[PDB]
Amino acid sequence: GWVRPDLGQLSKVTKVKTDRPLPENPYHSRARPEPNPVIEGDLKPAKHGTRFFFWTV
Amino acid sequence: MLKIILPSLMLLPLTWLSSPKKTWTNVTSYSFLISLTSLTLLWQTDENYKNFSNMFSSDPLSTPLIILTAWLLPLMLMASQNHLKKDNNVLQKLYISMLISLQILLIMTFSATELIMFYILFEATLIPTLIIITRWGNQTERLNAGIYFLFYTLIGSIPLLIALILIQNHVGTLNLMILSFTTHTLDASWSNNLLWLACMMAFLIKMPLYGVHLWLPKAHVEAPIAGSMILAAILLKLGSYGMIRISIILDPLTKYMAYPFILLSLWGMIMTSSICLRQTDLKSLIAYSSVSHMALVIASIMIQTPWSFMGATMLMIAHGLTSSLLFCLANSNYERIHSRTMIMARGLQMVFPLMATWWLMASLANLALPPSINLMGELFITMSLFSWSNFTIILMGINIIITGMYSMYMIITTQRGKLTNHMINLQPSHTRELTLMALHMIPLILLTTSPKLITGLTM
């Protein structure tokens with residue numbers, strides 16, 4: 001009773017059911033280093049201007 | 001200061017937008033009025049110095065130097081008119097703009113509150129000064145004079161720039177008031193000894209210190225008269241003014257670091273004053289006379305006493321008026337016979353009796369006749385140096401003798417003896433020329449009347 005598969009049929013992606021659990025960390029990767037703390041708040045003008053030598057503003 | 005600086009800046013459009021026949025009358029008149037306004041800085045009814053803003057101040061040291069600067073601009077204009085009268089109109093206006101530029105730069109220099117601002121304005125003055133010397137000097141040696149002047153200054157100024165950056169990186173500011181209050185003792189390391197020299201050399205070259213003075217006789221002999229006036233009167237005083245401002249942070253190393261510069265000045269003032277006895281060129285003689293006088297200023301600033309600072313301040317102002325007068329007197333004969341050789345024109349009292357009177361007073365001022373501010377400054381310097389070491393009076397005594405000798409030598413040679421009568425082109429003195437002499441000599445007498453105004457910071 002074996003029917004030969006048609007052209008294109010064997011190359012399909014198929015879904016399969018398995019009792020095996022899904023690996024959680026297949027790469028055995030470490031924990032990523034924590035990002036730099038972000039600085040928050042609203043912008044204010046530079047305090048006393050540019051402060052470049054003798055320039056007042 | 002803005003009510004003094006802004007009108008000074010308006011002299012530039014006034015020069016360029018005036019008619020050719022009105023330029024000199026216009027710029028001279030408003031230059032006089034700007035000198036009048038600078039007297040507001042003398043209204044000092046307390047002991048707190050005037051801080052107009054973060055950028056400009058004025059205290060009893062800068063105030064006299066600012067007013068003297070403002071007064072010189074009209075005087076330089078009158079001095080320049082006769083020898084520029086053959087230049088075309090644009091060249092005359094360019095020259096006036098150079099003179100105004102120095103006036104603006106120097107007033108800002110003496111009122112700056114921050115040291116790198118002082119440095120930038122201090123260096124900016126070289127540009128108009130060089131242009132005046134080399135574009136309007138008369139001889140081929142004016143180009144060499146320009147090179148010496150520019151590069152004696154610049155080689156000393158580069159170490160100054162490094163020291164100023166270094167101080168700012170360490171303290172966080174170059175504001176003078178804050179540097180004064182927060183100053184702390186220096187350690188006597190080799191590194192700090194090099195710091196002392198970097199802070200001092202540019203001011204010492206500018207004075208000039210004996211040994212590095214060769215630029216100044218060259219610059220005077222070759223410059224036009226208005227260049228000689230500003231150079232002798234104000235530009236040399238940038239070094240003394242710089243030394244007084246910056247030495248506040250250099251303690252206690254000045255106690256031993258000053259010895260080579262006291263020695264050069266006290267011995268050097270004898271070498272340069274003795275040169276004046278055998279100098280054939282009248283302008284060179286007056287120039288070497290300045291080096292001798294500024295040697296005294298160096299010595300008294302180095303010993304850092306209340307008397308020494310006060311005597312230096314008076315001498316700075318008195319020398320400014322006196323030396324500028326002598327250059328103008330010498331230039332009046334040169335404009336007639338076109339030679340600076342002192343021994344050429346002789347017996348001139350016969351033909352210029354009133355100009356000879358101006359000669360005598362300038363000479364009497366120069367040899368420090370009492371009660372002139374010339375003598376007052378030199379006297380208090382002598383007292384402070386005697387306190388520093390009683391043997392200084394020996395070198396002081398020799399210089400006083402020599403100064404009288406060359407001062408009277410110049411008068412006897414040029415004004416007295418028989419008239420050199422082949423000089424039939426000795427035209428009578430100009431009203432302008434006689435007015436110019438009076439504008440020097442009246443302030444000297446008025447300042448002798450009220451010497452509190454030029455005592456400086458310590459008294």
Side-chain angles (χ1 to χ4, degrees), chain B residues 1-43 50 52 56 58 62-85 87-112 121 124-125 127-129 131-132 136 224-231 233-235 317 320-321 324-325 328 430-443 446-447 453:
Chain B
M1 297 300 306
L2 304 170
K3 73 186 77 196
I4 293 155
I5 301 156
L6 263 294
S8 296
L9 286 155
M10 288 327 267
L11 297 162
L12 297 166
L14 178 69
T15 306
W16 285 101
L17 301 167
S18 280
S19 322
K21 292 185 187 301
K22 299 257 201 121
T23 317
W24 290 103
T25 314
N26 275 332
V27 172
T28 322
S29 303
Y30 286 105
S31 301
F32 273 126
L33 268 6
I34 287 156
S35 312
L36 180 74
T37 310
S38 74
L39 294 180
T40 197
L41 298 173
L42 281 173
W43 176 280
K50 308 173 161 294
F52 306 102
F56 296 114
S58 215
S62 44
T63 287
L65 291 163
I66 285 150
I67 290 157
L68 184 52
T69 303
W71 183 249
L72 263 285
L73 175 54
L75 272 55
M76 278 178 297
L77 291 158
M78 300 168 56
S80 319
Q81 269 172 275
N82 176 83
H83 83 82
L84 289 163
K85 72 196 177 176
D87 287 298
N88 71 91
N89 166 260
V90 151
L91 255 173
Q92 291 187 4
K93 290 184 189 239
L94 174 64
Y95 191 88
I96 290 148
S97 306
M98 293 318 70
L99 294 192
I100 292 151
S101 299
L102 271 165
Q103 190 248 43
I104 289 153
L105 290 170
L106 289 164
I107 282 162
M108 292 177 92
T109 308
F110 292 125
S111 49
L121 299 164
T125 55
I127 297 164
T129 310
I131 285 155
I132 288 157
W136 283 282
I225 181 52
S228 276
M229 290 165 74
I230 196 67
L231 169 59
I234 294 295
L235 291 180
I317 302 303
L321 287 171
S324 186
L325 177 57
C328 290
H430 302 170
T431 314
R432 178 188 58 77
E433 289 169 336
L434 298 169
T435 310
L436 175 66
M437 293 336 145
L439 288 156
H440 286 88
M441 187 46 62
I442 280 144
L446 291 182
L447 282 170
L453 306 173

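Atom set for the values below is all heavy atoms of this structure, side chains included, hydrogens, waters and symmetry mates excluded. Letters go in sequence order (proteins before strands), and every chain restarts at 1.
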Sequence neighbours excluded, the answer for side chain to side chain donor-acceptor pair (under 3.5 Å) partners of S18(B) is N26(B)
For a side-chain contact (heavy atoms from CB on, under 4.5 Å) check, start with the C-alpha distance between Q92(B) and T15(B), then their side-chain angles and the critical distance, and finish with the verdict.
CA-CA 9 Å; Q92(B) 291 187 4; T15(B) 306; over 6 Å; no
- Quick one: does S62(B)'s side chain have a donor or acceptor within less than 3.5 Å of a partner on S58(B)'s backbone? no
NZ (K22(B)) and CG (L14(B)) are apart, to the nearest 0.5 Å, by 11.0 Å
For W24(B), the ring pair (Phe, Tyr, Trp, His ring centres under 6.0 Å) test, sequence neighbours excluded, returns none
Can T109(B) and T69(B) be said to form a side-chain contact (heavy atoms from CB on, under 4.5 Å), step by step?
-> CA-CA 11 Å; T109(B) 308; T69(B) 303; over 6 Å; no
With sequence neighbours left out, the residues meeting side chain to side chain contact (heavy atoms under 4.5 Å, CB included) with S29(B) are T25(B)
On a heavy-atom basis, the closest approach of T23(B) and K93(B) is OG1-NZ, 3.7 Å
Distance col, row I225(B):CD1 vs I132(B):CD1, nearest 0.5 angstrom, shows 12.0 Å
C328(B) and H440(B) have their tightest heavy-atom pair at SG-CE1, 3.7 Å
Heavy-atom closest pair (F110(B) atom, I234(B) atom, distance to 0.1 Å) is CE1-CG2, 3.8 Å
Interatomic distance, OG@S324(B) vs CG@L68(B), rounded to 0.5 Å, equals 8.5 Å
Sorted by chain and residue number, the side chain to side chain contact (heavy atoms under 4.5 Å, CB included) partners of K50(B) (sequence neighbours excluded) come out as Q44(B), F52(B)
Residues passing the side chain to side chain contact (heavy atoms under 4.5 Å, CB included) test with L42(B), sequence neighbours excluded, are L39(B), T63(B), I67(B), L453(B)
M78(B) and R432(B) have their tightest heavy-atom pair at O-NH1, 2.9 Å
Rounded to the nearest 0.5 Å, the OG1 atom of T431(B) sits from the CG atom of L436(B) at a distance of 12.5 Å
Under 3.5 Å donor-acceptor, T28(B) side chain and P74(B) backbone
no
The reported gap from OG in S31(B) to CD1 in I96(B) (rounded to nearest 0.5 angstrom) is 9.0 Å
Residues at least two apart in sequence or cross-chain that pass side chain to side chain contact (heavy atoms under 4.5 Å, CB included) with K21(B), listed by chain then number, are none
Applying side chain to side chain donor-acceptor pair (under 3.5 Å) to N89(B) and not counting sequence neighbours gives none
In this structure, CG of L121(B) is separated from OG1 of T125(B) (nearest 0.5 Å) by 8.5 Å
By side chain to side chain donor-acceptor pair (under 3.5 Å), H83(B) pairs with (sequence neighbours left out) none
Answer whether the closest heavy-atom distance between the side chains of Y95(B) and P224(B) falls below 4.5 Å.
yes
By ring pair (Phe, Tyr, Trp, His ring centres under 6.0 Å), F32(B) pairs with (sequence neighbours left out) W71(B)
Please list every donor-acceptor pair under 3.5 Å in which a side-chain atom of residues 99-106 of chain B meets a protein atom from a residue at least two apart or in another chain.
residue: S101(B); atom: OG; partner: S97(B); partner atom: O; Å: 2.6
residue: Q103(B); atom: OE1; partner: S8(B); partner atom: OG; Å: 3.0
residue: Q103(B); atom: NE2; partner: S8(B); partner atom: OG; Å: 3.4

Between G227(B) and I230(B) the two heavy atoms that sit nearest each other are O-CG2, 3.4 Å
In short, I317(B) meets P64(B) closest at the heavy-atom pair CD1-CB, 3.8 Å
